[PDB]
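Take a look at the structure set out below.
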Amino acid sequence: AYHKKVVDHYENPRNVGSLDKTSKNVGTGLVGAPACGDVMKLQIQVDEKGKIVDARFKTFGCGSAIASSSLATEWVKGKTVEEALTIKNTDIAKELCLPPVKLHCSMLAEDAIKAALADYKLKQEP
Amino acid sequence: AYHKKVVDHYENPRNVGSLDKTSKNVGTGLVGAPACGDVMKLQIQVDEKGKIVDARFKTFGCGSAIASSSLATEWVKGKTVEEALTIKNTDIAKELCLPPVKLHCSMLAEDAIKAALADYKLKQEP
Amino acid sequence: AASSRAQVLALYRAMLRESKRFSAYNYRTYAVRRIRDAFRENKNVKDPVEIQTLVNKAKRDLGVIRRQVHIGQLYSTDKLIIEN
Amino acid sequence: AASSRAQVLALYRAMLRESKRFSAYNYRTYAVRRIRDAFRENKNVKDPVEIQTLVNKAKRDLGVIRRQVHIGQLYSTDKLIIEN
Amino acid sequence: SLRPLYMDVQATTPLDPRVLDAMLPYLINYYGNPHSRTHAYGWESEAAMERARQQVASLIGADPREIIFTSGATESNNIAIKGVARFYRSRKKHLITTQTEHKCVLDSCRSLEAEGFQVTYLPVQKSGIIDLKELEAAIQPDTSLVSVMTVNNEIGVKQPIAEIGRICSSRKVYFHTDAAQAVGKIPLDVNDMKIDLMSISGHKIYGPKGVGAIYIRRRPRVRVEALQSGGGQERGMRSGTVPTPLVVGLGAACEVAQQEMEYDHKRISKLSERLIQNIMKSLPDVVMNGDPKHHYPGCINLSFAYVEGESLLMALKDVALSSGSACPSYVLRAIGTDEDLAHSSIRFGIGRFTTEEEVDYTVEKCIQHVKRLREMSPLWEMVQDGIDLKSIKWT
Amino acid sequence: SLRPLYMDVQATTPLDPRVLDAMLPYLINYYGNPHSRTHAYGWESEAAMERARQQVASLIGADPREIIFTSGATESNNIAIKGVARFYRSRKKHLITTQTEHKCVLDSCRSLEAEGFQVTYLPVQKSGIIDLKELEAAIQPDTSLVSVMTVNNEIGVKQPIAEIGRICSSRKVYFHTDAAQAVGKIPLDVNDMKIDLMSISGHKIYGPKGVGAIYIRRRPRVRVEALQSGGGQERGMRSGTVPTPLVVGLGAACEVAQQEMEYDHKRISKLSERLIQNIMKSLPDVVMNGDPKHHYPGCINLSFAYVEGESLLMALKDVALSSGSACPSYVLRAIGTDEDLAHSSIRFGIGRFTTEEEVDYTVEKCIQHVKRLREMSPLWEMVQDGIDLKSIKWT
Amino acid sequence: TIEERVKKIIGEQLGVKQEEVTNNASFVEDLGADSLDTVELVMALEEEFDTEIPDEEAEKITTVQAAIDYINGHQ
Amino acid sequence: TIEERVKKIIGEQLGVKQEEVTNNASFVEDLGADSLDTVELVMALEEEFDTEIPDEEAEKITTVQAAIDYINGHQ
Ligand SMILES: *P(=O)(O)OCC(C)(C)[C@@H](O)C(=O)NCCC(=O)NCCSC(=O)CCCCCCCCCCC
Ligand SMILES: *P(=O)(O)OCC(C)(C)[C@@H](O)C(=O)NCCC(=O)NCCSC(=O)CCCCCCCCCCC
Ligand SMILES: O=C(O)CN(CCN(CC(=O)O)CC(=O)O)CC(=O)O
Ligand SMILES: O=C(O)CN(CCN(CC(=O)O)CC(=O)O)CC(=O)O
Ligand SMILES: *Cc1c(COP(=O)(O)O)cnc(C)c1O
Ligand SMILES: *Cc1c(COP(=O)(O)O)cnc(C)c1O
């Protein structure tokens, strides 16, 4: 990774870690595949009003995958669950100035957001 | 021409010139063709005992042609007409260290010797 | 502010003096002639910006001349026939 | 006749001192190490002819080092991370 | 800004100062065209070209008449593979190579298949080494050429070149080896190895970029149809102006390598063992790709499980390295590497100018950043919690 | 020993010191492979490669995306001629070129004829210039390519490139020009001239040997089948490691030439007129080969009747010149020169670094030695005695 | 060939007949030189007399006599 | 870290414990050095003390004390 913006998410890591998968207020998205070189785990913690109050991630993947998923984890904090649904792969790519060969990284990070939000939403129905 | 031996026949010319074609004691050999890039004129002067006492040449041609015909002109002096007949293209090439691409030059110089000697011999029969 | 005229005349002398040190005849004679012709060609430029661009290019070329003179001395060869 | 031992020890010092002037880390460190290893490897050669050949090669390489040190100073660049 | 350590010599090398020194006269006053036959700029340029030809020949045990200059081993590989295939095509349509060859061999073979040639791409063992008896079995009556590289550019593995030559010579099949990563680093002798063609790259052996050579055996005569049309330079095999300064630099690099090969091999062996051993004793789940028993030590390809290779290269911000790298890797796939581990491999190169300090710095940063990336990795998290990754339904 | 004057710039040129200066950093510390994507040696090498690409493009009015680096104009000519012919061969089998093209164009065309292509080798007028209306008439419905060089390397004649482009564009036939002897010396603009492909040689324009480029127009798109197989460098058109120092030197030579072209043309014009006029006013039977009205002044080819050219070159022992020379001449034959006069021609080259003193020295020695060789020549003897050489029965 | 080879150098450099190169003449005001000419003229005197003329001395050499005087005073 | 950092340099260069680097010891006869070692040792003292030691002085530095003495006498 040659962009300052991308490398910063590795040299100055933020929100790397895990949340408690058993919580009714945590959603976990795990997307990608080791054989494809990119696996993103993104977890969100939602308060009882539906605001995301925290998030963590872990990513196996190139620098642009780490930055895309790290940025996604920052960006969901402070958003309602419905707001977080509108974060787009294109906004992440724009912020990180991703070249076209790394656009699949921003699309996987958007997938990770939605998988986490869907896991949370499935837990609230009962 | 890259050999010292070849260039010497141009930088230090010897026997360049003409003899009197009307003399019964002069033989003139004119061989080659302008279109082939090599024309040699070699003339010999024979005394009344059959010894070649002088020779001259002129040559249009590359340095190796000039040297081959110049050397031939030196070499015939002091030889009888029959001795001069045994000068071979191979002796001229050896003396000048001619590479294979210039061997046609030593063969033309041998042709020039024989044309001159034949012209002289034709004049003695009457 | 720097004096464009002072820079220019100092650069002219420096570039000529250094070019005269070229070991190789064809680089030396070209460099001296080209410097003379170029400064004279540009004598009547009046735009201060364009003058500064020309000065900066001459400073760059002075560095080139200095380095290529030294390299040509490290790897010098015999003079040409006509330098005798 | 020249002294092989005197030539050799003078060349050793000269070649080490000049190699230490290489601007570039990888040429400098290689040249110093290679010179030390080569003189030590050849310490016990006894044939005066073979010694003279080795000395002549070292004089040639000293010229190479001198020229390439100067060229590397004319076109130098930043140090490597590990020279800090 | 301070510059990164160069640990990437399989991609290209710096000039050896002795090579640049030999080249510089030809960039300054000896600038004649070596094909100019009528004056001294030509003569001295020709003479330097022919001296360099002898230097290349001496390193590999050839006759200088067998050395043709090219612009690189890429061009040499095209000439050897297409030139032999096209020459003998009236009687022979089958070629053999391997699945781990450099891309220019493979793509030359693919272009010939589009031309109606049959090509067998031999598999390799998980060691990276071909199976000699499978090579023997693959030879057909119309097989014109076998091509197998001497040292692999990604993983460093050494193919049994002399034993391949025995097989090919005994069956009158021409034997080409791409020796770009081997010339000047391990012994090469075209007669002892029974080689018929060989590719050489100047910039893999501390010579300049833009030059190479091809060895073409003259006895028994190997015939090649020329690819580059023109006035017949290089015995009609490679028309074009021979670039005197570059071929001078190639010959100088070959002569220097002939002198330095034993010293470099000893020194690089020690540095390579140090790098491999010190990484492996400090990190779990590190695997070397390629058999260390048949391996050129200056090329070390390791996988770091649960870390993606490009992120590790990013993390090693002050070391110049490579991954998945043609000097997901098809070489790693061909040796049976799991696809995820193949995404986790990087290549370390140790060369003539590498220091112990560089090796130690590289090792120390590699240990630190593998640990860090593992602590960021969901795969390492899952394994640490005792999960079988081979049990997950991905995507 | 003192060295001869260099008067042979059509065979090759010395480096301009500005070009060597730009190259040297890449021969010393910036030695990365420009295709190494993961570290700063690669990044800075890539960046230098792309700057050089823009410098080449700016000189000829192209988009840098249209510039492909090669090892020389020989390779560029092969790529343009074989690459276009092979790409469009399903619908187009006919190519047109001229009888005075450089040997790599002619031999590329000959190789395609052996491949089943039809090739028209247009004659030229005795001026050396093609007949535009004969070109127009030669175009067929399956003509894929016309190739005509901008400046001839032996006689210096300028072909009407822009008018050829008008003809080809209007008929949707691709137009290639070998511009090796023209780039940086006369104006070239690919759009005004309607050029589709162009060949460029670094060492004809004071850049280093071993490098060139090919312009390939992207709009309207010209398609070329690649010749050198490999990993897809140079947009898949020229696989192989791009040699950064050499392409830096090519770009620098192009930028310098863009700046120096007008100054050089004025200066070389004056020296060329001086050389031609001072030889012709002092020797009878001297003829210029090629029309001076459509002629690049730095290339002067003269015949000296009754003197063979190689002997004159030998006699001019301290001047480096050329004869019959691909940068008995097929170019001189094609313009209708008598065979004997064609054996009597030599080429004088005047370049960026030539001095008036060199010109005057060359003129004075040429007058002296033509006279001397005529005094040794049997043909001059015969003409002086009033013999019609055209009346003799030779051999 | 006295040390007024200085006159020959000045005349050659400035394109002026030897008759018009008077001892009193200033290069600029009297002989048509500009400051590029006078840089070149000072270097030509340096070359001809194997002498190094530094800037503070060069700026004083503005007339034929000043040139003559400087060279006589430096061997 | 007195100016018998000289002892540290000698011990480092010659592979000899600091205990055996006595003031009286000659490099060759007492500490096992050959003349390649002593070239390198003199350069190491030059480097460590930013001092240039010419040949006629280097040939006199054959003992630990001679090294100590030379360096104390050149700042
Ligand atoms: P004088 O008569 O008092 O003053 C003379 C000047 C030029 C200073 C005066 O006329 C003036 O001030 N003009 C203003 C315009 C000006 O300054 N022009 C000069 C700009 S600098 C310039 O033109 C440099 C051109 C550099 C060419 C170098 C070629 C090098 C080649 C090397 C190759 C290896
Ligand atoms: P001392 O203990 O009194 O004497 C030491 C010597 C070596 C002088 C003594 O042992 C002796 O006289 N031995 C005789 C044999 C001999 O002289 N060996 C030395 C020959 S010179 C030699 O080996 C030079 C090798 C040069 C290598 C240079 C590598 C350069 C690389 C540069 C790259 C850019
Ligand atoms: O300034 C120039 O044009 C070149 N030279 C003079 C060129 N000389 C050749 C020489 O000095 O050997 C001209 C010649 O002798 O033809 C100046 C200098 O000597 O520094
Ligand atoms: O002799 C050597 O091995 C190299 N250097 C020391 C190399 N240095 C780098 C530097 O001097 O900046 C080692 C380092 O700092 O890693 C000697 C010298 O300084 O002349
Ligand atoms: C580098 C390399 C090549 C290509 O060589 P170039 O000189 O860059 O064209 C070919 N094969 C292998 C194994 C290489 O490592
Ligand atoms: C020199 C030249 C060539 C060949 O160029 P290289 O760069 O030497 O391969 C091709 N055409 C012409 C007209 C030339 O003059």
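To find a chain, count down the sequence lines: A is the first, B the second, and so on, and within it residues start at 1. Note that ligands are numbered from 1 as they come in the structure, with each ligand's atoms numbered from 1 the same way.
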For [atom], which of the options [options] provides the nearest non-hydrogen atom?
atom                    : options                      : value
atom 11 (N) of ligand 5 : E:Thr150, E:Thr100, E:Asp178 : E:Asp178
atom 22 (C) of ligand 2 : D:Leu54, D:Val64, D:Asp61    : D:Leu54
atom 28 (C) of ligand 2 : D:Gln68, D:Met15, D:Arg33    : D:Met15
atom 14 (C) of ligand 2 : D:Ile35, D:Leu9, D:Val45     : D:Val45
atom 13 (N) of ligand 2 : E:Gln259, D:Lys43, D:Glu50   : D:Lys43

Short N or O distance, [X] and ligand 5, threshold 3.5 Å exclusive:
X        : value
E:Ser71  : no
E:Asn153 : no
E:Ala180 : no

Structural part of [X] in contact with ligand 5, heavy atom criterion under 4.0 angstrom:
X        : answer
E:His203 : side chain
E:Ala73  : both
E:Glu75  : neither
E:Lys209 : neither

(message) Assess the residue pair F:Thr241 and E:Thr12 against the criterion (side chain to side chain contact (heavy atoms under 4.5 Å, CB included)); give the C-alpha distance rounded to whole Å, side-chain angles, the decisive distance to 0.1 Å, and a yes or no.
(response) CA-CA 9 Å; F:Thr241 305; E:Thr12 189; 5.9 Å; no
Would you call [X] and [Y] a salt bridge, taking side-chain N to carboxylate O under 4.0 Å as the test?
X        : Y        : value
F:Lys365 : F:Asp318 : no
C:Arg40  : G:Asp37  : yes
E:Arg18  : E:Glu260 : yes

I need the atoms of ligand 5 closer than 4.0 Å to a non-hydrogen atom of [X], numbered in the order shown.
X        : answer
E:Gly72  : 7 (O), 9 (O)
E:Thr74  : 4 (C), 5 (O), 6 (P), 9 (O)
E:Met149 : 13 (C)

(request) Please could you name the atoms of ligand 3 that C:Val32 approaches to less than 4.0 Å, counting only its heavy atoms? (result) 1 (O)
(request) Determine yes or no for a side-chain-to-main-chain donor-acceptor pair under 3.5 angstrom, with E:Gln159 supplying the side chain and E:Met149 the backbone. (result) no
(request) Using modelled atom types only, decide if a donor and an acceptor are shared between the side chain of E:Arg267 and the backbone of E:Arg352 within a distance under 3.5 Å. (result) yes
[X] versus [Y]: any side-chain heavy-atom pair under 4.5 Å?
X        : Y        : value
F:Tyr31  : E:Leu15  : no
C:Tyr25  : F:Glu358 : yes
E:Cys254 : E:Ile205 : yes

(request) List every atom of ligand 2 that sits less than 4.0 Å from any heavy atom of H:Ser35, numbering the atoms from 1 in the order shown and giving each element. (result) 1 (P), 2 (O), 3 (O), 4 (O), 5 (C)
(request) Run the numbers for me: atoms of ligand 2, each under 4.0 Å from some heavy atom of D:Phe39, listed by number. (result) 24 (C), 26 (C)
(request) With heavy atoms under 4.0 Å as the rule, classify the contact between C:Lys79 and ligand 3 as side chain, backbone, both or neither. (result) side chain
(request) Consider every N or O of D:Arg5 and every N or O of ligand 2, then say whether any pair is closer than 3.5 Å. (result) yes
(message) If I apply the N/O under 3.5 Å rule, does E:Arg18 come out as touching ligand 2?
(response) no
Any side-chain donor paired with an acceptor under 3.5 Å for [X] and [Y]?
X        : Y        : answer
E:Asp8   : F:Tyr41  : no
E:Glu154 : E:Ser329 : yes
E:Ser76  : E:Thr70  : yes

(message) So, 4.0 Å and heavy atoms of C:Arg28: is ligand 3 close enough to count as a contact?
(response) yes
(request) For residues E:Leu246 and F:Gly210, report the shortest heavy-atom separation together with the two atoms involved. (result) CD1-CA, 4.1 Å
(message) ring pair (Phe, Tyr, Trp, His ring centres under 6.0 Å) for E:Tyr6 and E:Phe353? Distances and angles first, verdict last.
(response) CA-CA 10 Å; E:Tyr6 195 74; E:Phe353 303 103; over 10 Å; no
(request) Please step through side chain to side chain contact (heavy atoms under 4.5 Å, CB included) for the pair C:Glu83 and F:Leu2, ending with a clear verdict. (result) CA-CA 9 Å; C:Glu83 299 184 82; F:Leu2 296 178; over 6 Å; no
(request) Using distance alone, decide if ligand 3 has a nitrogen or oxygen within less than 3.5 Å of any nitrogen or oxygen in C:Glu83. (result) yes
(message) Is there a polar contact between ligand 3 and C:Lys20, counting only N or O atoms under 3.5 Å apart?
(response) yes
(message) One residue to check: D:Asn42. Relative to ligand 2, which of side chain, backbone, both or neither has a non-hydrogen atom less than 4.0 Å away?
(response) both
(message) Heavy-atom distances under 4.0 Å decide this one: backbone, side chain, both or neither, for H:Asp34 against ligand 2?
(response) both
